[PDB]
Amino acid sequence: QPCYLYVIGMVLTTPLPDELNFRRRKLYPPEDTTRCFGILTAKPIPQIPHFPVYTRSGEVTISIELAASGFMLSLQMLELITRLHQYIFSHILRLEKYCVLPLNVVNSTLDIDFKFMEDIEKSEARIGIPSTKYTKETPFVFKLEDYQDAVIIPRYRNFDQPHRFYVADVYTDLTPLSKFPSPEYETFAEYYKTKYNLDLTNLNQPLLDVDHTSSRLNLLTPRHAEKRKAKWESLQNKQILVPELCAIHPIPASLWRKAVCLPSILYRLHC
């Protein structure tokens, strides 16, 4: 059966304006990273007009364009594409339900990203918290570049259902020896040692700012006892995390952002 390959093109046509940026976030135009999502089908998709999704960075125009058609794909790659499609909806978006898949340029030409897919399948941070053994002779090593476009997960808690945070900022002027925001602890180091019996091998690493990854499923409209949830969500966002204590997720942050738009788009397309 011949295939049709469609790109879910994405542009931030209207950036979030000041009076709407209450949380004072950075703006993230999806068109600043080449990797993105597309749709694979056994039957073509009728020409649908441009429609908006409303994101934290503002108004993103969605566009479904045909990449290729009438081609064949090996059963092997189809099994790969399908496994990925399932991965994004159950493990990445945590939902319950032809094929959605990542695309990326080859060197202007956009194509199915099989390498990136095999990477995800090979990651030991694809599903849960991985086991990493830092000692004095093999201390945690900080690579600033690995934290430029990342989603992270605390290795030390929430084993059942791990949290995922966007790295919002890297604070080069802080260390695990920096003063703790709460008085009962002098330092982050002491805090993680006192509370979680955690020891650090690297006392010179910058600390990380974080932003929660969760969002509502429907973004077709702008976001413009519940008090207890607001206080909690606020402290969640104000958390400062130690890089050594977190695992980096194989899905980069700029693609994680595009992925949370997907239910809004599939739902729109099929209605």
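Sequential numbering from 1, following the sequence displayed. Take the two forms, superpose them, and find the largest set of C-alpha atoms that agree within 1.5 Å; that set is the rigid core.
When the other structures are laid on the shown form by the core, the C-alphas of 199 to 207 and 228 to 236 differ in how far they drift in 6 other deposited structures of this protein; the larger average drift belongs to 228 to 236. The segment moving more, judged by mean Cα distance from this form in 6 other deposited structures of this protein after a core overlay, is 16 to 24 among 16 to 24 and 252 to 260. In the record comparison, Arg223 is unmodelled in at least a third of the other entries of this protein that model the residues flanking it. Among other deposited entries of this protein with both flanking residues present, none omit coordinates for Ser90; it is modelled throughout, well short of a third.
Counting the unmodelled positions of the deposited sequence between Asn107 and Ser108 gives a small gap of 1 to 3 residues.
Missing coordinates between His224 and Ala225 amount to 10 or more residues of the deposited sequence. Between 205 to 213 and 41 to 49, it is 41 to 49 that carries the larger average Cα temperature factor according to the deposited entry. Note on 87 to 95 vs 125 to 133: mean CA B-factor is higher in 125 to 133. Going by the entry's values, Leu75 shows the largest Cα B-factor out of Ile152, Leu103, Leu75, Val100. Looking at the C-alpha B-factors along this chain, the one for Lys115 belongs to the middle third. The PDB entry assigns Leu269 a C-alpha temperature factor belonging to the middle third of its chain's modelled residues.
Split the chain's modelled residues into thirds by C-alpha temperature factor. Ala230 is in the highest one. Among the modelled residues of its chain, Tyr196 has a C-alpha B-factor that falls in the highest third, as given in the PDB entry. In the deposited entry, the Cα temperature factor of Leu80 sits in the middle third of values across the chain's modelled residues.
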